[PDB]
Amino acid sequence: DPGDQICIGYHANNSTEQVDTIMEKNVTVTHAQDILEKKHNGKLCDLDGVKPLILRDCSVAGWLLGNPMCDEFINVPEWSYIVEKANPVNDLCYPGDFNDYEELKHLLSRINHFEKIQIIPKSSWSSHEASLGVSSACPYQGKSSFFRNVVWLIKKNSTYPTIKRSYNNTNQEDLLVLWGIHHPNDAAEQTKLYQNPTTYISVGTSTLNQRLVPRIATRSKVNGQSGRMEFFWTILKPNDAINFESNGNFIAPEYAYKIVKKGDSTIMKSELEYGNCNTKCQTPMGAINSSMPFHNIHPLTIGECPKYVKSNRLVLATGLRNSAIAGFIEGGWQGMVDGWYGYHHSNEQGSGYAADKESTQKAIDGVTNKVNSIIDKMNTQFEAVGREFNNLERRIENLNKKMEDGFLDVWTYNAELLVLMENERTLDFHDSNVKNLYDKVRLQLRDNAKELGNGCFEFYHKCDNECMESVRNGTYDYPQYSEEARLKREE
């Protein structure tokens, strides 16, 4: 009056953390983990400890040629990725085109070493006019000027003698060389400037075999010239030579560029500050330190990154559903300060809670392992997501978009369902575990005690603290009390 007791129960707490399973929405849970990265540092940072290349209002074109209003960061021998604005103000001062422009950007996205040199001195032009080739389309100190890396040759007295110049790459490294042809308005401008009326430029390497001829049209004024400049480029292998020849209309090299190229990258489209940080994932809205296997920031990322997923929350249940002294069948015990599953005894030496170290370790190690698998099994490659196509490559641009949207639709769907199914699995694990511990006890006692129905057993004998620890240890000796039990039963 009354007899000794032991109850099986589980942990609870004041946690309000909610989770979704394939079957139940908004399920309050004990503790849970988010696997979606949502947080960016709002800045552009190094990549594997290498600065970017941030063109403030210039453009790879304007930058290369020397657009005089491109007052930028001149000296910088290497970079990881490149950063243009949306529509950079300063591009081509004198209007025209850049042969294979995009393919060049892509090549310049990631440079190991980059040193500008001088292949044809501006002073070497003894029999042509080097310092007259100047326009009001390219203002400097309020005076007319021109691209500073490349020379507009004019006729001397009234003579454009044929130009023949070879240059030989005697550096250790490939050379990026740049020249151009002036397409003038009419045969007046043509001969006023180059005299000879039928001109041409031939350019030759061991690869190249060029022969450009000025085109005439009536064209609309752009920065007030109806003239057009069209530039070209080659890479000069490290012991080859380039040979120029020109009747006129020649925009000569002054400075070329030594490059060492080690794998690609891409141009990024951002309005952000450098932040002097490092990172391994750069986004056009900030960087990331991704432990997380998913993120939802911006799709146009560079580096080893989490998969981009259209979603706000991916939360994994790690703990339990969250809700005499009645056992598990009437809810969880707040008084289980430590341990996930365990007991509550009450005998003549007194009542306590007592955690199940063994079954609570398997449970934790299991859930820790689940969360870590879902993360460390994620194959993370270096990738650079850019927008590399002009507006006569809209078919190829549209093939790129189906691929990105296609991979988004797959990752966004499989992450959602993986959380929903693997949560339902985690909460049915917690149930299956509590109920297995009841039966661990129930099977040991048998008739030496009675199932009360609330998740406790009342004993048919004296169970002191030392008897309880045999029940929890799973070492309960029944023939040792089978008799004492038998008597208090029959009655």
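Sequential numbering from 1, following the sequence displayed.
Chemist: Looking at the deposited sequence, how many residues between residue 323 and residue 324 were given no coordinates in the entry: none, 1 to 3, 4 to 9, or 10 or more?
Modeler: 10 or more residues lack coordinates between residue 323 and residue 324.
Chemist: Pick between 325-333 and 108-116: the one whose mean CA B-factor in the entry is higher.
Modeler: Result: 325-333.
Chemist: Could you settle it for me: does 27-35 or 65-73 have the higher average Cα B factor in the PDB entry?
Modeler: Going by the record's values, the stretch with the higher mean is 65-73.
Chemist: If you compare 213, 281, 417, 385, which has the highest Cα B-factor in the entry?
Modeler: Each of 213, 281, 417, 385 was compared by C-alpha B-factor; the highest is 385.
Chemist: Which has the highest CA B-factor per the PDB entry: 140, 255, 152, 233?
Modeler: Max CA B-factor in the entry, restricted to 140, 255, 152, 233: 140.
Chemist: Which third of the chain holds residue 464 when residues are ordered by C-alpha B factor: lowest, middle or highest?
Modeler: For residue 464, the deposited C-alpha B-factor lands in the highest third.
Chemist: When the modelled residues of the chain are sorted by Cα temperature factor, does residue 345 land in the lowest, middle or highest third?
Modeler: It belongs to the highest third of the chain when residues are ordered by C-alpha B-factor.
Chemist: Could you place residue 102 in the lowest, middle or highest third of its chain by Cα temperature factor, using the values in the record?
Modeler: For residue 102, whose C-alpha B-factor we compare with every modelled residue in the chain, the answer is the lowest third.
Chemist: Sorting the chain's modelled residues by C-alpha B-factor, tell me whether residue 175 ends up in the lowest, middle or highest third.
Modeler: Middle third by C-alpha B-factor.
Chemist: Name the third of the chain's ranked CA B-factors that contains residue 352, choosing lowest, middle or highest.
Modeler: Answer is highest: the recorded C-alpha B-factor places it there.
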